[PDB]
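Labels for the chains are A, B, C, D, E, F, G and H, by order of writing; each one numbers its residues from 1.
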Amino acid sequence: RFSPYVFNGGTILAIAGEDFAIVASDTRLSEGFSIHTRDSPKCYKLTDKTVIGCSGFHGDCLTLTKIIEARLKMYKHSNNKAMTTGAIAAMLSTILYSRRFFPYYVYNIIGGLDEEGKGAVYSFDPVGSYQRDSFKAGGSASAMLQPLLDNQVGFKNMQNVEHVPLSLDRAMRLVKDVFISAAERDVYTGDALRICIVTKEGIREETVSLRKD
Amino acid sequence: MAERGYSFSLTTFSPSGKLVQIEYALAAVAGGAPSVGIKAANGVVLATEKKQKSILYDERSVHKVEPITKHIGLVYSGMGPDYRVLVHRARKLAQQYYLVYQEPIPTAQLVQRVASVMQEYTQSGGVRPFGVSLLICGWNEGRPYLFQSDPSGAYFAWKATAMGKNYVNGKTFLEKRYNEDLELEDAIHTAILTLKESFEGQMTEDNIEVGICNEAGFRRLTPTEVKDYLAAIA
Amino acid sequence: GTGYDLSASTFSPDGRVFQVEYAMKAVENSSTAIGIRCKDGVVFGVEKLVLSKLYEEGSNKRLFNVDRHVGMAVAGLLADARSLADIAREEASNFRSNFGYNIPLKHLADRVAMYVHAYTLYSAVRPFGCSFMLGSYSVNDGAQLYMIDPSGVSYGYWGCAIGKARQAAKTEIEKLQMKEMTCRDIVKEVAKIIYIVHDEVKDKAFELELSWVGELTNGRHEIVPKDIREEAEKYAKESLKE
Amino acid sequence: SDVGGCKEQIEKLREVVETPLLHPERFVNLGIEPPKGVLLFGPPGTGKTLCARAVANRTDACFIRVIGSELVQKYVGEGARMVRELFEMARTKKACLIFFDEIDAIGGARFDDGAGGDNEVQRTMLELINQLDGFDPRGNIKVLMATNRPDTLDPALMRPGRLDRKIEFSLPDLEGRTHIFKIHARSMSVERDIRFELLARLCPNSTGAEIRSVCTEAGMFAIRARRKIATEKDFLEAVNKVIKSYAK
Amino acid sequence: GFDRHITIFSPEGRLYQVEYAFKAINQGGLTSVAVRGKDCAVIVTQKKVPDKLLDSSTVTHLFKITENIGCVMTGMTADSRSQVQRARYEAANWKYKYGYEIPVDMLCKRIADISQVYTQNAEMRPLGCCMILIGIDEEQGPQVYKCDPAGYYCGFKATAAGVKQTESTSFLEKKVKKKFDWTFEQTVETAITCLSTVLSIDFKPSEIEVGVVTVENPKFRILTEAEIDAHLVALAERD
Amino acid sequence: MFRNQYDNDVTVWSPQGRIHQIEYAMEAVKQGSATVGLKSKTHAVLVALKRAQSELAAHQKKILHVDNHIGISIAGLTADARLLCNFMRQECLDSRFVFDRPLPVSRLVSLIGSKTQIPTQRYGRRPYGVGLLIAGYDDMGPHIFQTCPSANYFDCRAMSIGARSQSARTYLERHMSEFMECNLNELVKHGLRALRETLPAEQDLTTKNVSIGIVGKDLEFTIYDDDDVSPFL
Amino acid sequence: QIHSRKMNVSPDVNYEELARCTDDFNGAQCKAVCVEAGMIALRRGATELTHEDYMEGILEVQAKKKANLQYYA
Amino acid sequence: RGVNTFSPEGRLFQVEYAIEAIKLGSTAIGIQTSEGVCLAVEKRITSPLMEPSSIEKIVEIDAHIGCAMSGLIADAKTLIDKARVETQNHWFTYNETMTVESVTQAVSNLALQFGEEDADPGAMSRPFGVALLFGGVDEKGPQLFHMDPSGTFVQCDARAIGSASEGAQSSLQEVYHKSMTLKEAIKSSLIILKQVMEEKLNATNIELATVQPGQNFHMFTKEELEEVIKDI
């Protein structure tokens, strides 16, 4: 019969500061050898300095997003008080644990800022589960990019001589550099790159285009 | 509502310890056109009167004896609509239960089912019991036959009984005349006489309905056949 | 105690219940609506009493639509009429799609007739206290006008009217033509009847409301407002002042 | 003698009955005319009853007591005759109070229009209306009516242009109870070092008559005890009996 | 006993409420009559209106229940119309299930059972209507069955409806000695005549509404003016 | 008599055909707080009085944020109001999920009405005895509606609930023409004055009881609470 | 207005609001409120009848006009 | 005679009756001060063969919200089971703290189920006959609410409910102040509690508890109660 599983995911990269975060993503979305669309990110601004991205399938991605947004509205109505990141982190999991019967899935990540004046990023598995991050790349191209990303951004491996502390500017240079490189190693990366930069002033977006061939 | 209404019954215990609605139904019974039953032992005779009151009628249209089964028949005194309905439910139950099995119906079991339907209505509210009294007439083998069923929910065996208007007076007549060995033809003569004595408005071959249970159970008499007996002794 | 206000699922020494008579008193207690049917179509007109200036109409009227070919007007309580009506359009619609036809006027009536009679047999649901006037122009059958009463009675009409004024209006109506010219001409005529009716009702202002289903409307249901309403009004104002 | 929760009822009754007779000349200048009847309801012998006699003594106008039930007769037309006679006397004397004891016998219940001598009692009820609504005027004549629950009574009896003020009774506040107890404590030998109000909050809320009764019960226990002064002990006992007595 | 919010068994032997349905079953002044022949079965009714702001081309009190079966109703309008709708569904269903035609009698008996239950409920009343069934069977010939809402139904040699039934009955009996001596139309004529005597109205072409069932046809038809006037003219000639 | 009869039937009909239940319901609206509603039809304001039972308390809210473009004031008991409010929020949520449209507040109000009306039309349901002034900023502007527990839905350009509603009405009619389609400031002053008319007027104006709530062309749901009304005073 | 002519009045009187508030009154009962309003007025010490006296007066029972407070927190 | 009635007054009958039932119970006192909430109660006693050691009527809902209840005591036992669970459910879902007020709302929804009519979904024929004084500490600091049997909640800083309430509340006013010491308060509370009593002042019929931020919800022990007696 008809499929109960179709791929569509891209590639994303979430980078955590200690007072900022950026979540960057390709616009190219593909499956296999035919191209679904040459545009659209899977990173979205949930608001209030929470940025979210759901990689796996477009059909699932829109639906989760819409649905979360009502639970936040309802909550505030129920008495003035808002979900923290952590709250949201539990909320996604329950949904997934339900969906363990459902045959379509997604690999979700949430990022934002705490009131500890630093980033928190939590990442979920497609069955439920959560873990604390420092940095996460998600999607297809992730597996290849990440050790190198971990080392260049991090310096927390047992295979580097020194540390340096993050800078925003420096984080931006690294991010573009990884993506431009990713593109001639995948057909799931390409076209353009959408950067969500998260600060305590508010949420800014930057776009730069990449190669295609 | 659609499930609201009166959960408890209209009938209620009294400091009398009597049941009011039940008392009224003996009255309801009372109003009935004259009925009798004679058990001819080898045969059975049941008889009643069709009153007539409008010359405008057709055929011999509706009866007051309907066959439940091919072996048992009912006749009654009380309210007619109740009778039609009572016959339909039972008639349905008699066929279904005794086609699971291929055995033919035992008499007592029909009585047990009619009484339960009558009794559930006493137990429950919203609906009122039926206000009819029945004579269950059948034949089968060498068994006893001729049974009576009350709107009360009670049953009794009889050799002879009477219903309808002036029930007590007719029964007293019946008691004296009815004794020992008799014949199926003979039992019919007597029943007409006992009905005449209760009241005659007239008797024709269309004021009378007589049915018997004898050869192979229930058989319906021709109109001529009964008329032969009227001449045989008026 | 009469012992039958309590019920509405039983008989009385008057036959039907007191509750049902009362519902009939309440429609007459309301304002005033008329309807005139012609061979080209059918016109509806209704009088609305003005309360005060704060208020304004924008979803509460007295003219109501059914479907998108059916015209609906009522006397009685507003909120209840609206409740009957939302369901009727919906019932009509499932038909419309299912059999593939654009429902008759006559079939719609039957469906409503049955609902009201069922509520008279029970004491669960107290009846509506409305009277509903419906009709239109059917492309191949003509114009047909019906009125359904809360009394479980419904008929086909040349004119019907309801309200306090009822007896009087039917008299004037009765005076006029069977054909009654053309529909357009009727728009003016109905306005005189309402205009004159108001001298009898006058304790405060009114607003004149007219509607139509016309050959020109091509059998659709529309309101008549605009310049068209105003001319009919001028003609009444000239003729008499009452 | 039961003021405390009977307090409101006193305040109003003076204004209606006493004040017009005391200072009539004032009412005329204004151009206001006072009512003719007031209505009493709630349980009798609770001070609903006392209140009518207590003003009667203060107000100094003859208190005329008619028992409506007595007016009821074995033979027709007589009943009307009586109603009429009462009113003729009432007119002559000007300033008088007609006290109607539990008019409901020939007071309303009734609209059914007969069914067998429910007509004869109705005739009396209607005859009274004629005299009241009629050509007579009020004069200085005051009417006190006594009902159980006012509900019984018919709309004609209720209606303005005869009945206007309905004076009520009530669940007495705590402070009130104490005033009644205070009245009682002058006769009753006491030792004041304890305070009845604290007990009273704990006791069932009940009208004035039960409040005097518990006190009255209290004196007996003393008399058995062979003591001459009240005690804290007596009071505890009274509540158990009284709580039982309403419920029979 | 207590009719007030329940209905029980009484020493009355009937119910005040059942009698009240019998008593007022018409709130207008129509009267009806039905006669049976072996040539026809005819029901004669009226057409009357209060004004002419009303139509009369949809106003009727004769119903075509189905091709073979016809039904005239005496009852409250709301109740008459409901019952028809219920019947229409039950008949159709009987046709579907059995695959064979529904007997006239069979319908009367089935409907009767539905009436009866409602008589047991003290949470619902029976519909107030007397239903006269007429039809042409091929199994006994034409059949005329009247129901009453007690649960009573029976077939008659002819019957009459409206509030003056007993008065119509007296004419009927005189007639009913000889009725197999009437041919087709002459049945019709006599049928007109007995309503005209009771009601005391020599009819007019738009006041009368004869419905006939015709043997050797499965037609129930309401007659055209020319035929209706031909009869009316026919009684003039004997006056 | 038969007062108890008319309570016992929620299917009641009398000789005069009145339904007492509605009557009772109206007395319950008059028992509530004081609230006014006003609109220019480009801005809408409501002055609402929030009161406190005793000295050592602090005032309870009667302005409810139903949505970020629609809102109400309640006038009558707090407990029933909560129940209605959940139904309406969820009705707004599915509009957003499915349709992604705000949806006319006019369309919304009408739907809620039916579902209540039908249980008065049968056994059970007592009256809810809260009246509302419902405001919202929709596509064709702001609009104002009065919802009653008689399910009487009316759009008005201003209205009032609370004992001595009529007083303030008469002033609203007088000042009505002055309201025009401008000035924020003016609408509030008239409201403060108007609100004085609703009260017995022996009680002097206070900043802790009053509360001012606005929605307008570029405005959504905002509340001025306590002291916060002093800037705009 | 006719009845109030005997009575002493302060100059403004706002009858329309009152007339509307009043409901299901017979001719005597409206008259009743007026005299009554003068009685209320007597208790104040006021020598002129003003709007406020009337408002209290109608609220009183004589066609089952009543009020109660407490149904708010 | 329905109790599904709205009432001609339009003021439901059953709610009014409840206040009377309450006037029959004990006295419960709350003062919330600038820092800390205190709740004091009378758990009473009557006979010497009774163990009120067993009895209580002030319960901790959780370690940061408490409640004292007053009225038909069996109902309150039902009332708490529902609340306690609901709070706990929020910890499963977000592992986070609930506000005193959120908890109080949840329970008020459940206050309306009386009847079998169609204004309330049936389960109960009548309401809970109890008022509760709901206390807690959060980021909105120590707060106090009065849960009204009228299925509604009002906010408070000081409240007495009980038989004695009319007097008590008057007494409560003079001693209350917007700023007063917590310890000072406990002595002030003790004074009102003394006044109402007819029966002996012992630590075996009265119970104190407070919530302070520095030590969570704490129930006050006998030895502690006896010391408080000594001071006044």
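In this text, a residue touches a chain if its C-beta (ideal position, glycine included) is under 8 Å from a C-beta of that chain, and two chains touch if they have at least 3 such contacts.
If you want to know which protein each chain is, UniProt gives these names: A = Proteasome subunit beta type-1; B = Proteasome subunit alpha type-2; C = Proteasome subunit alpha type-3; E = Proteasome subunit alpha type-6; F = Proteasome subunit alpha type-1; H = Proteasome subunit alpha type-5.
Q: Starting at chain C, find the fewest moves between touching chains needed to arrive at chain H.
A: Minimum step count, chain C to chain H: 2.
Q: Return the chain label for which the distance between chain Cα mean and whole-protein Cα mean is smallest.
A: F
Q: Go ahead and note the Å separation of the Cα centroids belonging to chain C and chain D.
A: The answer is 58 Å.
Q: Quick check: how many Å separate the C-alpha centres of chain E and chain G?
A: Computed value for the inter-centroid distance: 65 Å.
Q: Centroid of chain B to centroid of chain E, CA atoms only: how many Å?
A: 33
Q: Roughly how far is chain A from chain B, going centre to centre by Cα mean, in whole Å?
A: 87
Q: Pull out every residue in chain G that's touching 2 or more other chains.
A: Chain G, residues with two or more chain partners: 66, 68, 70-71, 73.
Q: At which residue positions does chain B touch at least two other chains?
A: 1, 4
Q: Any idea which chain E residues touch chain B in the complex?
A: Residues 6, 8-11, 13, 109, 112-113, 115-117, 119-123, 140, 143-144, 150-152, 154-159, 169, 172-173, 176 of chain E touch chain B in their complex.
Q: Sort out for me which residues of chain G touch chain D in the complex.
A: Residues in contact with chain D: 6-8, 26, 28-29, 31-32, 35-36, 38-39, 42-43, 61-62.
Q: Enumerate the contact residues on chain C facing chain E in the complex.
A: 3-4, 6-7, 9-16, 110, 113-114, 116-118, 120-123, 151-153, 155-160, 170, 173-174
Q: Using the touch definition from the top, list the residues of chain H that touch chain A in their complex.
A: 93-96, 99, 101-102, 105
Q: Which of the residues in chain D come into contact with chain H in the complex?
A: Going by the criterion above, the answer is residues 174, 198-199, 201-202, 205.
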